[PDB]
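Next up: just one chain, as C-alpha cells, the form deposited in one PDB entry.
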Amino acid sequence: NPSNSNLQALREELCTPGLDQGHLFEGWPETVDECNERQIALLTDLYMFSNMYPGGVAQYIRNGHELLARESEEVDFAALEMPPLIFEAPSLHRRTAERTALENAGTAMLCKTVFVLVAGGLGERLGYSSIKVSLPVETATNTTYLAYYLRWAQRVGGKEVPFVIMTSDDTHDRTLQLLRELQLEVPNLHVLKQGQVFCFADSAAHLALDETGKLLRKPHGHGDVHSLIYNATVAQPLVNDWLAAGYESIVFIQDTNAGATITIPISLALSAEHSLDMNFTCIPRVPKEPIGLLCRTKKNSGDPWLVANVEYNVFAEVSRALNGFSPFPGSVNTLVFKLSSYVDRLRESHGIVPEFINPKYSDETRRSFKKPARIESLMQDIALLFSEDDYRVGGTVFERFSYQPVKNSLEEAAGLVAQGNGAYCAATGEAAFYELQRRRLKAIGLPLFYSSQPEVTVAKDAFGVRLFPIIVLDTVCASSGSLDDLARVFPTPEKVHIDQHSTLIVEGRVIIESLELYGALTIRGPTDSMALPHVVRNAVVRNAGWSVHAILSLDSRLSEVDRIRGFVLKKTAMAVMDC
C-alpha cells in the first residue's frame, strides 16, 4: 500500500542530517525497483511505523535524540513534597464499621467499573518460559492469574463486564490460547495488542539491526495502554460506549498481583468520598524496592505543582543529591480513575503520555550501549495530564501485605532476602495468598489457630514459607470477597473448626454452618450463583490431607511452575462433598 516512490522518499529522508540512518542502506541500489524483498521489507517496515507511532520513524528518531540528550544530566525537581491528597485505608483484616461502609460502597461501585489488565510484559526474570498471567495464583487449585481476574470481574460486574487486556507480540498468542483453553466466556472483553518500536544501537540514535539484518524491536512499555484504548472502537470509540452504558470508573491492574481484588473496592469508595479524579494505590515503601514514589512535584522553578509517580530508579538518582520507610508513599500501579475525567484527558492527549529512555551502558566511561535501547513509557504517567487546577489526584495507602507481586526468581529472591529485602517470588506470592484468605476469614470470626513457623524452606535454605491451612473459596462461593460476602459463607463461624494442617476447597453455591475438618475437603455446590445453596451442617471430616515438601537439590513430573517456587504440594487424600 505504499508508493514504490514513497519508500524512496522515506529512505532519502532518513539519510538527512539529524536523522542519519544511512547505515541502514549500506550497499544498496539507487532506487526501489532494484531492491530485493528483504530490503523492501525493511523500507516498508520503516514506512508503516507511521500508523503505529505519532510522526512515524522520523519523529521516533527525533524523540530519541531529545531523550538521549537529557540522559547525560541529573534528574532534578525544583520541588518535591508529600502529595496533598493522601488517604489511609482501614485494615483489610478488621471488620470495623468504616471498613464495612467502605467495602459496601466500593462493592456497589464495582457494577459501574471498567477493568483494564496490562499483560504485554515478559518479566524476563523468573525462570518461567510462558506468560505471567498463565502462572497459578496458588497451586491448591492452580487458578491462573488470568482466570482469577476475569472471574472476579464477571462476579462483581456481571458476565458482560467491560474488560480490556493489553497484550504484546511477546504475550498475545499465548494469551488468546489461554482464554480459549480456560473456556472463559467474556462478551465485552477487548484484547488490544501494543506495537513494537525500534531500538537504538547508540547514543546518536542510530537504529539497531540484528543478525539476519532486520530492524530490532521491543515494546514501548505499559504506557501504550491509553492510546490503544483511545483508538479502540466497538464506528464508535470504546470509551464512548462505556460512558453511554453508564460506566463511572476505570481501573488498571498489573499481571501478577492478586491483592488488587481487595484494594480496589476500598479505593473506589475513597475516590467517591474524596472526589478523586485519579487515585494511586499505595503502600508504605522500603528504601530499596522497585516501586515508584507518589510525590507532589515541580520539575522547574516556575511550574505548578503536579502530583505524579517518580520511579524508583529516578528517585535513586534524584535522591543522592537534590534537597524505616520512604518519605513518600510507594505506588503499586493499581490505578483508579473517575471514568469521565479519564476520558476527557484521553481525548485531549490521544492517550499519548510522556516518554523516557533508560539505556544500559556497557562500561562506566563511554556512551556505549551494552544492548540496544528503546523509548519507554509508564501507564501511571498519564497523571501528568491532570493539572492540580482542574483535577483532584490522590493516593490511598494500604498495608504492605496487600501488595503481592510475583516478580523475582528464587535466586534473586534469596539475594534480596539476604540483604533484608522483599522476595516477591512465586513462593511468597502463593504463601501470601493463603495467609490473606485466613486473615479475611478470621476478620469475620472464623476461629483459625495456626503456627507462624515456615513449613518448607526454599532457595537452598535461604528462607522458609508456610502454606497451611489452605482455604480457597471460588467466586461463586465467595462472590466479591467482601467481609459481608464471606460471612454469608460462614453464618455461624464459631462452629467451624479447621485444623492448621487442613485444606478446604469450596466451589459454587455453598454455605458452611458447622464443620470439624482435620484433613482435606472439597465441597461443591450449584455453579449457578442464583441457585439454592448446598448447606453443610455438623460435618466431621478426617483424612490424611495434603502436605508440602521442598524440591531437593538432587520420569520427572516437576514443571517450571513447581521449580520457581521451590516446593510441591502433595495432594495425598481428599474428601469430596457434592450436590
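Definition used throughout: the rigid core is the maximal C-alpha set that superposes within 1.5 Å between two forms. Heads up: residue numbers just count along the shown sequence, starting at 1.
According to the PDB entry, the deposited sequence contains 10 or more residues between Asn323 and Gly324 that lack coordinates. Where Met530 is followed by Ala531 in the displayed chain, the model omits none of the deposited residues that would sit between the two. Between the stretches 209-217 and 98-106, it is 209-217 that shows the larger average CA temperature factor.
Judged by mean Cα B factor in the deposited record, 347-355 ranks above the other of 347-355 and 500-508. Per the PDB entry, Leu43 shows the highest C-alpha temperature factor of the residues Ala520, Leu43, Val540, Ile523. The PDB entry gives the largest Cα B-factor of the residues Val489, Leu192, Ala78, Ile471 to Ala78. Among the modelled residues of the chain, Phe163 sits in the lowest third by CA temperature factor in this PDB entry. In this PDB entry, the Cα temperature factor of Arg367 sits in the top third of its chain's modelled residues, the highest group. In the deposited entry, the Cα temperature factor of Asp555 sits in the top third of values across the chain's modelled residues. When the CA B factors of the chain's modelled residues are split into thirds, the value for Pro17 lands in the middle one. Residue-level temperature factors show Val57 in the middle third of its chain, judged at the C-alpha atom.
The form deposited in another entry is left out here; the points below concern that form.
Compared between the shown form and the other one on the core, the listed residues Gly121, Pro136, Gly127, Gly195 keep their C-alpha shifts below 2 Å, save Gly121.
Once both forms are overlaid on the rigid core, the distance between the two CA positions of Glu317 between the shown form and the other one is 2 angstroms or more. The distance between the CA atoms of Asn313 and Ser130 is at least 3 Å longer in the other entry than in the form shown here. Figure legend: C-alpha atoms of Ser134 and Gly123, shown here, are separated by at least 3 angstroms less in the other entry.
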